[PDB]
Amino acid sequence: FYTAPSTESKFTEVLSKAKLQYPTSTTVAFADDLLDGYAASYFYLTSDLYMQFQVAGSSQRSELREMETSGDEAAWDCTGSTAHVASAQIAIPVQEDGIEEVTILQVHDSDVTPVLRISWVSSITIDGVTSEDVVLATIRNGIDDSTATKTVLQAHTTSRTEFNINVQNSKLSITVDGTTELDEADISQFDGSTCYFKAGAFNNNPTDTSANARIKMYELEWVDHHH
């Protein structure tokens, strides 16, 4: 009884360029499945035309992963000359009790390292400063360094918010509602890696493993701009 995101033409292109992973890194729906009306409790269209992702459990996900129309996985040069841009209009509801962090957009390398996570966090402490109920950028310092540089991007609102990730040469920028919030962060530690975008709900370190993380996207796309 769930309506499919594919019923909205605004999602046709990104779904053609995606596969859906749930609840782990296994594919539940490829692009052609998504375009044929795939819908489930963890991936459906709301009555006001949001693509909603929902998932429970530690490090579980309902997430779109960038694909080429050819069916190849996206694997662009992480620090190449071609610009890669992901844009999304996201409404982050107040999260259920026991949900402590939800990753909503990523740049991921083609192995086991996220270049960038954009996530909602119940709290974070950075250089001795604690912020609560904020949206955060996390950029890993390298494949062999588990630590990351963290940047508060936005106070959490339930309002629809525009996020834009721009990746070109060895630099990554994030704009939130038109304002640059991370300006040309260095990602040269991923020289020689290949990369792809992800978007959805990725549930990080819940304190209630049966609570549902929930994230809504009004618009989503990922594109190339050739230099």
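When you see a residue number, it is the position in the sequence shown, counting from 1.
Comparing the deposited coordinates for 121 to 129 and 91 to 99, the stretch with the larger average C-alpha B-factor is 121 to 129. Comparing 198 to 206 with 177 to 185, the higher mean C-alpha B-factor in the PDB entry belongs to 177 to 185. In the PDB entry, a CA B factor belonging to the lowest third of its chain's modelled residues is recorded for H108. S62 sits in the lowest third of its chain by CA B factor, as recorded in the PDB entry. The PDB entry assigns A74 a C-alpha temperature factor belonging to the middle third of its chain's modelled residues. In the deposited entry, the Cα temperature factor of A40 sits in the top third of values across the chain's modelled residues. Ranked by Cα temperature factor within the chain, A83 sits in the highest third according to the deposited record.
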